[PDB]
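Just one chain is shown here, as structure tokens, and it is the form deposited in one PDB entry.
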């Protein structure tokens, strides 16, 4: 929880890039390569980094990536999770992993989302690509770039689409209930071991009979209105598929809470 002097941050590698980049650095004030490793995020967006840091300063959970401080143009310094993105990890260790492990990860993501809910924080971005793996036994939620704190008196706000709840698609509405819908897509992703051919984009594009890279918002809404949903992945226990279907109830108030999904996933693992 400190200001990291830029001169002491020794660049190791680029971890990711998007809309924005995350760099693996060694914080070496001594200058003898004994210092701890950190992940440094760097970028009209002064308002957005101000928004993101205010949220991250306030989160303290073993299931949410730890905010470590700042460095300087504002840079955000976070803990580094050595096993990287869940999407990469599941694809590389598929043969060595099992349904038990995916239930353990599902339970941990659900605990972090319960915590975010307790802070009236909407994550919005939740997807396997922003879940990070600390160790074989532990994952954490990352990417707070689109996160938002709800007002005290309003449980929603108005702002890829394959993780979004229908109200987000049709009315630009986001809430903790739309985060539950996205969590259902994450459960789907975990159970495919993040396989590219069965990704939410690949599967929804097949279901919609699309012959293009970019989906049509109107067609996805039509498919969802019909009651169509992502199928149960081959590796998927029937119990988990039922939980996904609940997260995907068309009305937000009819979706389960993370506090209700959580013990169920925990038990399936245990």
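Residue numbers count along the first chain shown, from 1. By rigid core we mean the largest C-alpha set that fits within 1.5 Å across both forms.
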Tell me whether residue 215 turns out to be unmodelled in at least a third of the other entries of this protein, restricted to those that model residues on both sides. yes
What is the count, as a class, of unmodelled deposited residues between residue 159 and residue 160: none, 1 to 3, 4 to 9, or 10 or more? 4 to 9
Gap size between residue 43 and residue 44, counting deposited residues with no coordinates: none, 1 to 3, 4 to 9, or 10 or more? 4 to 9
Determine, for stretches 108-116 and 147-155, which one has the higher mean CA B-factor as deposited. 147-155
Between 93-101 and 180-188 (mean CA B-factor, as deposited), the higher: 93-101
Highest CA B factor of 135, 73, 168, 199, as deposited, is found at 73
Between 39, 243, 232, 36, let me know which has the highest C-alpha B-factor in the entry? 36
Determine, from the deposited record, the chain-internal third of the Cα B-factor for residue 226: lowest, middle or highest. highest
Sorting the chain's modelled residues by C-alpha B-factor, tell me whether residue 67 ends up in the lowest, middle or highest third. middle
Entry-reported C-alpha B-factor of residue 249 relative to its chain, by third, is lowest
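Note that the form deposited with a small molecule bound isn't included here; everything after this is about it.
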If contact means any heavy atom within 4.5 Å, which of 197-205, 232-240, 28-36, 210-218 contacts the small molecule in the entry with it bound? 197-205
Quick one: 162, 185 and 248 and the small molecule in the entry with it bound, is every residue within 4.5 Å by at least one heavy atom? yes
What is the one choice in 191, 105, 181, 174 with a heavy atom within 4.5 Å of the small molecule in the entry with it bound? 181
For residue 224, is any heavy atom within 4.5 Å of the small molecule in the entry with it bound, or not? yes
Using a core superposition, identify the member of 223, 232, 216, 53 whose Cα displacement between the shown form and the other one reaches 2 Å or more. 216
Relative to the superposed rigid core, does the CA atom of residue 12 travel 2 Å or more between the shown form and the other one? yes
So, does residue 32 move by 2 Å or more at the CA between the shown form and the other one, with the core held fixed? yes
Classify the change in Cα distance between residue 126 and residue 214 in the entry with it bound as closer or farther, relative to the shown form (magnitude of 3 Å or more). farther
Might you say whether the CA atoms of residue 193 and residue 213 end up closer or farther apart in the entry with it bound than in this form? Their distance differs by 3 Å or more. farther
